[PDB]
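We call the chains A, B, C, D and E, going by the order they appear; numbering starts again at 1 in every chain.
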Amino acid sequence: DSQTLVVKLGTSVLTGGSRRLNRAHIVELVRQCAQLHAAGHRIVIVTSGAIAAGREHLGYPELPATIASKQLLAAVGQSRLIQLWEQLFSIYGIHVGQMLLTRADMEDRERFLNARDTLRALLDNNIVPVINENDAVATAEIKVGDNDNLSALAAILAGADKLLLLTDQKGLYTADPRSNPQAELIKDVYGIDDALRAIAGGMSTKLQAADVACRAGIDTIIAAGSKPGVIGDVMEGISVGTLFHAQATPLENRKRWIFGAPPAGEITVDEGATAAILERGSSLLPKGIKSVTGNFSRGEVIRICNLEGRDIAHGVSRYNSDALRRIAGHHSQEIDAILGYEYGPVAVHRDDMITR
Amino acid sequence: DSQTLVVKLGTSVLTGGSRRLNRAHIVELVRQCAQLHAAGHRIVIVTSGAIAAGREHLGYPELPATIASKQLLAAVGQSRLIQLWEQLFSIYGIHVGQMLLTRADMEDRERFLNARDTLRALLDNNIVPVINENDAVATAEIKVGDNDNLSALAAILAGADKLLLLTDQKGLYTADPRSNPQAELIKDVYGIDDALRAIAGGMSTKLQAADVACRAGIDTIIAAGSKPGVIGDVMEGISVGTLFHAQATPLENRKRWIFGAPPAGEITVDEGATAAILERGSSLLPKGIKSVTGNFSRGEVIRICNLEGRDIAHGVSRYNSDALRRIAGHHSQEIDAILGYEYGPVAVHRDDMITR
Amino acid sequence: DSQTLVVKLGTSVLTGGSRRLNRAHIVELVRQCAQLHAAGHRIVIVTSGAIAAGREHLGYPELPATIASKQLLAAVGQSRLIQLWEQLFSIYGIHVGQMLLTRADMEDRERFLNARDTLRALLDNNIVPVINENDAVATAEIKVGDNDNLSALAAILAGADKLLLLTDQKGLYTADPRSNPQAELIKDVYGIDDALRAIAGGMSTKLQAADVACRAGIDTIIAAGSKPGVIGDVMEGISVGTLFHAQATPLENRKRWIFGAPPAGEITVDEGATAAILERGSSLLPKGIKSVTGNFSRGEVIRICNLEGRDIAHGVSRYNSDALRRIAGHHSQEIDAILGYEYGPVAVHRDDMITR
Amino acid sequence: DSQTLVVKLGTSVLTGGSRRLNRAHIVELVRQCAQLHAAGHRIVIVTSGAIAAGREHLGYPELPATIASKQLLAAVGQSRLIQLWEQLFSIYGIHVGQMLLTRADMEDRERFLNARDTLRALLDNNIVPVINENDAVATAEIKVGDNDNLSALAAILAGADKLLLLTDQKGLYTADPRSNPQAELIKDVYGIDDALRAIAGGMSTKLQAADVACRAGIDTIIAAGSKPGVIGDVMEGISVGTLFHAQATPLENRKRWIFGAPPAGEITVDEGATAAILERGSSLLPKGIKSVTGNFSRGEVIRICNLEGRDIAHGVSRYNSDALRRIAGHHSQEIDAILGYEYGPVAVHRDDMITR
Amino acid sequence: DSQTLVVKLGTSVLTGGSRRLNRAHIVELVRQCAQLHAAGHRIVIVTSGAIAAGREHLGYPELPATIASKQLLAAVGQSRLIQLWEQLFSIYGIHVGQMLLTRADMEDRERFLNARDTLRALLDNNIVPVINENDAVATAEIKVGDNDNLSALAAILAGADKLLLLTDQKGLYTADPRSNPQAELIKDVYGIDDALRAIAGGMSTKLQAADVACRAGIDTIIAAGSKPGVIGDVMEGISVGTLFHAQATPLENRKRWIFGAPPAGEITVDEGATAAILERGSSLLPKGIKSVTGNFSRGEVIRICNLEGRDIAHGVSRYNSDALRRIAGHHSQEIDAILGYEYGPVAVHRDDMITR
């Protein structure tokens, strides 16, 4: 059925090795993405090339060879890059959204929940998210990587099924193709070991991204951007590059997410909502909450118990402690009236909750 | 001579109170800003209206009344808003750079230094920075404020001389103008008092922003965006609204910045660089550094001591501890060869240093 | 038993804060009102949203930001708003009548009596009156208030027992709920004081309306429109928001109405009608009138004296001086033949008369 | 060129003598009106039949034979009447606005200005105003007249060129057509004499309306509603009924309007605006006003002088005294900033001024 | 995840036993359906009550007691019924489509495919299909059943997961509830036995519909329309009436559909498309077709073999034999050029194929 694919396109794929973005290759890839999008799939694009767009837009000026010059070029050219993406996608009647994320945002619980919420909102409305790194405050991908770890983090955030990394090479080779005439492309890989890290070598960052994505239960595909119909075959299942299989299930990833750290808060729930959670496996509404203990923000993991005090679930909170205390015992429609804002009608969602 | 002005435009000023952005008012304001820019002044723009631009771009769809819907609209419309700013400013031959900042970024030392570096790079290249909140990860300004506190933070980050906030009203009135025919506009304010807070009230967020900016040594002017030539009059010195005077000097703000927290590390400096720092008050080059103690990141405040151990200065570090250790004792031209990147030829700048 | 409730719905409640009217919320409120109506209660609705309905009907055109544009939108959308109310109420088999009133109409005695007669005729025929401001001639509520004072005037005109105002917030808080976690909702209020005005602040117009209604002997409840079953709970007596108790009895309000101004005229009454007025306290028929002095219109307060000249009552006149002179001494069944119209068989009603 | 026609349709024309509104005749008349509207003319419709619509909608119930029953029927059926008008006009792609006016509103200066403003706004946007009497507060037209004087007042308010009254008779006859075989239809009338009032006689109210309209400089045409193409021929100039010629010019009417009463206020104007008013005959902007004397509301006649004190003009004021004092000496764009609302950029319009 | 529910509402549920449709009950049920629709489910409504709407619209005339009178009433009132459904659903911002189906249409292969195509198109675009019987040509449901078998056929056509029949009774009872105090509602039923038909008895048609639906692999729920939240509980899984479990899987139903009759035609397929069909299970494009044998229409079952003549699949054809012959061997984008119309890019869909 419907699937989620995260396509990562580097600077070499977008420019083709030249000093300018090659719009013909990008329009071919956009055509493939639109073909997939029309069939009901969800597409997330992690892009680079803001520095190239800024350099072209400014007339290729002479700047100091420092990080600040790259930050300036990225700041000037992020607008041009997103404008190009929107213009190319509007040919096929598709809208494009812009998200600027950093690793620190992914590490923060509240920021992670906010980013996941806006990404889900974009995906539910048939809008393609285009994701880059915020180069104003973070300079990690400028120095090394070129949005490689950002792609893995975006795949984890989007709940993707596949992560396709497009590069200039065809994939992973057992030996050097030039030196060894018998060197062959590796078809499937089950776990990254020291031998693969040694044979791989520019390909180290992609290997780290693949390891991170596969440890979270996402299948990674390293392929060549110039191969015709690469995105469509990746979605269908045809082998086009190197395939790294998921080393875990999504349930294991959710277990690690919930139980990685001790709960930040403690909430008590009446009998009816306890029965709804246990027997029916449904979400937790603010009506059933009786007491709120602890000082925690939105997105933190809290412990849900019954009136007797027995732990019954662990789940992430969609509201911080103060809002939960203020809206406890009320109906959903009143939440906005109580707070002036609304995150949704549930306090703890069922997909973010693990029953103990 | 040349000064720095930060102009804050809310959604009410941009849309004129209507459904969509009014480009005539924005083009008049851009004309005034370009007139100031051509005279050698530096202009920073803090703006809103990404949600309105996104709603107009998407055809005004029907969406749930949640925060995620506003995040989606902001993501879709940030590109359109920056496109509008770029197109309006290019009429006068001015380039525009986009920066997305949050309060957490300003609080963090490393992110603050990165953002200040990119803003300075933009300003020294005759590029107008356009600053908005990163709505994907932060929702503080969506709920309340409309980029009011962000304006003060950007004024502090840019080292601005004036912070002008454009609103619907003409300024601050002692009494209600409708009820009291004798009510008059307050011209000058020296400090924020409880009586001023009570009589202010929509203006509470502007009052907080003015207090924050004035405590940092920046004059804050609340004026009406519809006043003809308001920006030029503000920059020249003509009374146009309510003016809040700085309650501190920039030197006091630098002292509070440096000495607010204990130093994160310590670095020893040879006799030549000690004489340069003390007698001449110059920046600290990496060649003179002899040792590095502790683990600190870029942007943290460290203690500069001499060979005898007598503390001589306190200053923020342009490199983290590891890079400082690697490039200690080397010439500046080799920095990029040693690290793979360069932040500049100085380890601690003279304007970031306080001599003890 | 049967009671009169006046429900005031603002534009925020009707549209949900969005661009267009939200018919689901209005249908829920109409369901509650119909449930009350079927039980024998009388319901009066004061509404807004003519401008929003007109803007939606016209295709959201681009208009000058003047008062005349809002007047045009209200003129276009009043018909659509009344159509929506009629269609929603006819689901439950209830008819809807439209009344357009201004403050000047309420101030005038004759127009007040005409409007009260219309409202009473509507209420005795199981027809729900829907009251809005006549935006063609009056602009007071367009600028500020949103039919808040008009709600109090309609409650006074209808002889209502309760005036419920639906807003976005839950009611009145002693402290700011966001800033102070210990802030709590005020349940009951006995009189409007300066402390209440200071802590209230958007709610100032509601405070003025509550003061006006309570000075006339009507209990005013400020509640949230999104609260489930708020109308039924209000009518039963359950606390749902902030309650302001009546500071006068309806008898005191009638005394203030009758004796606020000097009588406009004097009429002499024979012995039989004098005995009916004094001993039995019945209405004054035109047959008993012997003379009419002065020139007054319908709805003015006049002095009823006996043949000996001793003043015996003060009451409002259902006919002007000329009609009273023409129909004096005649039977009530022939009023229409003499005048060409009939206001009823009584000259002064017993509930509009105070016996001296 | 373009003209303004006010069509008055009574209950007999709309119903055809039956108990229900005849939609075929109304659709024919609407077709003629739409033909005129498409050619660039401005059409204003003064209508009746709210009581008939209310009677039909309620199932023809049994009600007391009083004025309050007629007010109830009008309140219920005004919505139905305006809905019918809108539905019939939307066949030809024309929108319809609703205005409820009374004679007291026309007699009041501020209410007259508000009504004229909303009518002009409706006419400028290609919207047909449909005008009836507010039967909730006024009962004059219910008793006698059937919107006859209201039509003359609406023609005066709209600045119409022609007022066409449609009835069942063909016009005015010299003698009784049935008794006298030589009785002929009067083609033209120049002033109403006692002989005309005697020969006319149900036709007295139409004669009063024609006299009122022609005394204000508007040509009146009394014709039969069933005559094919009566509206088009009236606009073209073909004789179809009785024609009453204007007894005055519009300039005389404006002179009477300005100088009917002593000025309510006094304003002083600087030299530049004085020169603009005198030699150029332009409107008066708030920038040129120096002082404001007196307490007057919007729509009142005030005296405009120069700094020397010599009277230079008399004109109606678009703002009341307090607003004029608050916006005196400012620019137009700031008006909305100062007052919170705007009536337009001119304090006194050029078409409302008489130069002394 | 997302599910498909077919709700069947009889005349008794819509009218409540009276002579008119009860819009309050229908609006409650529509509110529940809209709540389900907003959550991503697909809702199909099989309705009755066209005769009641026609009787009400015509004023309840006197007609002969024949079938033709019922056909007349249904023809007049189908428009009114669909208008009522659309008006009630537009409160929640949902569109409604109208389909008139008969049993003969379901028995015909081409008509079945056309109806399934339009139903799928309506469901994919978030439009609620409202289904009734075409009473102009078919009179089966008029005589007996009241859209009971039509509901089962619509559930089979829509590929629904649940079929909920709403009636006035609470469900199926073991004995007569009034005669036997111990009579209890049957909770679950696994297959219809002669004992069930004997105990059931007006409930025979519902039993036949449940048997037909469950033999095709659809769970049936017989419940009471007046029970609050019956639709939501049915979707969730809460027991609210009598539950008839599916006696077969959807795969068995597809096997019966394909292999019920001998194939109507024969088509040969090249090697590439044969490989795509066999080991990948993909749809059959017109490019791979080599030869077409037989005379069959669209929707018939045909046999797909390879060039060697070995049978490889059986599937229903989306094009008739002539169109398939004309578009054989071409690309998909030129189907419209060749034929002048298009049914889609696949000759045989993958979900309609059984691989031999």
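The definition used in the following text is that contacts are C-beta pairs under 8 Å (C-beta built on N, C-alpha and C of every residue); 3 or more make two chains touch, one makes a residue touch a chain.
According to UniProt, the chain labels map to these proteins: A, B, C, D, E = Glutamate 5-kinase.
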item	value
Result of counting contacting C-beta pairs for C-D and B-D, higher pair	C-D
Which listed pair, C-D, C-E or B-C, duplicates the contacts of A-B in over half of its pairs	C-D
Separation of chain D (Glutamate 5-kinase) from chain E (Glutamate 5-kinase), taking each centre as the mean of its C-alpha atoms, in whole Å	60
Where chain C (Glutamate 5-kinase) and chain D (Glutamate 5-kinase) are represented by their mean Cα positions, the distance between them in whole Å	30
Centre distance in Å when chain A (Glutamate 5-kinase) and chain E (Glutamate 5-kinase) are each reduced to the mean of their C-alpha atoms	40
Multi-chain contact sites of chain B (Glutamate 5-kinase), meaning residues that touch two or more partners	65
Residues of chain A (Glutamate 5-kinase) that touch chain C (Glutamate 5-kinase) when the two form their complex	322, 325-326, 331, 333-334, 336-338, 340
Of chain E (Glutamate 5-kinase), residues touching chain C (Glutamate 5-kinase) in the complex	23-24, 27, 31, 87, 90-92
Chain A (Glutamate 5-kinase) partner contacts - residues on chain C (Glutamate 5-kinase) that touch it in the complex	168-170, 177-178, 181, 224, 226-228
Contacting residues of chain C (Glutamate 5-kinase) [partner chain B (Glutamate 5-kinase), same complex]	16-19, 60, 65, 201
Interface residues, chain A (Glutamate 5-kinase) side, partner chain B (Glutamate 5-kinase) - complex	57-58, 61, 63-69, 71-72, 75-76, 78-79, 82-83, 86, 95-101, 104-105, 108, 111, 114-115, 117-118, 120-122, 125, 127, 129, 134-139, 143-144, 336, 340-344
